[PDB]
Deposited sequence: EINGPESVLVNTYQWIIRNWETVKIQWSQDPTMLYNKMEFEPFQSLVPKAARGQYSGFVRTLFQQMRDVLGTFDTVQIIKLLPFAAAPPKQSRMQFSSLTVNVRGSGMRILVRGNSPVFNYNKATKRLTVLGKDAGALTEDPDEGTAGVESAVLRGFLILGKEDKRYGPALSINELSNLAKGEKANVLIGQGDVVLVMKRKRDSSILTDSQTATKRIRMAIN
């Protein structure tokens, strides 16, 4: 059972079982993250990264539960397998998350689409490494750790910052961030936390 099909089968599995997954993501997340069905995927994620990725993704998911009206189905399904590792707490922001496929790092972009995770809004279908993975059913809460994405660049808040330059922004302060793929968005550092 090679890596390509491990990635494809993992997302097909989340999709086929989304009814119970979604439920458990709200009502018993720990049990969901510990499901054995995520181990194959986990074996592909670089060992040095598994923990930090999981701490990042679980925090983002908690942001999304806490911040009401920001539930994003596609984002949850994308990031979920990275939550399966035991988390190591850290402060780093990630723009992509790696799965190793035969010595080559495939980069899953935290925001929007990539060869490994490509969602088509017209057909309502997910594609993983060119394989069809099945059908799927104003602030972004699961993109940055301890921030919300507000919307488009607002030039009033000054020149954009990269994702590793955000630590000095004051809590509650707003700023423009180079968020990946050349996109600049307005964000806000949260006062509330998890």
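Taken in order along the deposited sequence, the stretches absent from the coordinates are 1 to 2, 140 to 147, 205 to 222.
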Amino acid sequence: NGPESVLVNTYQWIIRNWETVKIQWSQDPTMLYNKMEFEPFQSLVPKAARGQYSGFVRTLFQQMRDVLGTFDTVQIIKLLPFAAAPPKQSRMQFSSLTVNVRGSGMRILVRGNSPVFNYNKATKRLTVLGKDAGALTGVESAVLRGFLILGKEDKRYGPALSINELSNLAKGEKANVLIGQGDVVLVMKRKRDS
From here on, numbers count along this sequence of modelled residues.
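Higher mean CA temperature factor between 117 to 125 and 77 to 85: 117 to 125, per the PDB entry.
As recorded in the PDB entry, 159 to 167 is the stretch of 138 to 146 and 159 to 167 with the greater mean C-alpha temperature factor.
The entry assigns its greatest Cα B factor, within the set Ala133, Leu60, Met36, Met31, to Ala133. When all modelled residues of the chain are sorted by CA temperature factor, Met64 is found within the middle third. For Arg102, the recorded CA B-factor ranks within the lowest third of the chain. Only modelled residues enter the ranking. Placement of the Cα temperature factor of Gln27 within the chain: highest third of the modelled residues, per the deposited record. Per the PDB record, residue ranking by Cα B-factor puts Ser96 in the lowest third of the chain. When the modelled residues of the chain are ordered by C-alpha B-factor, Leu186 sits in the lowest third.
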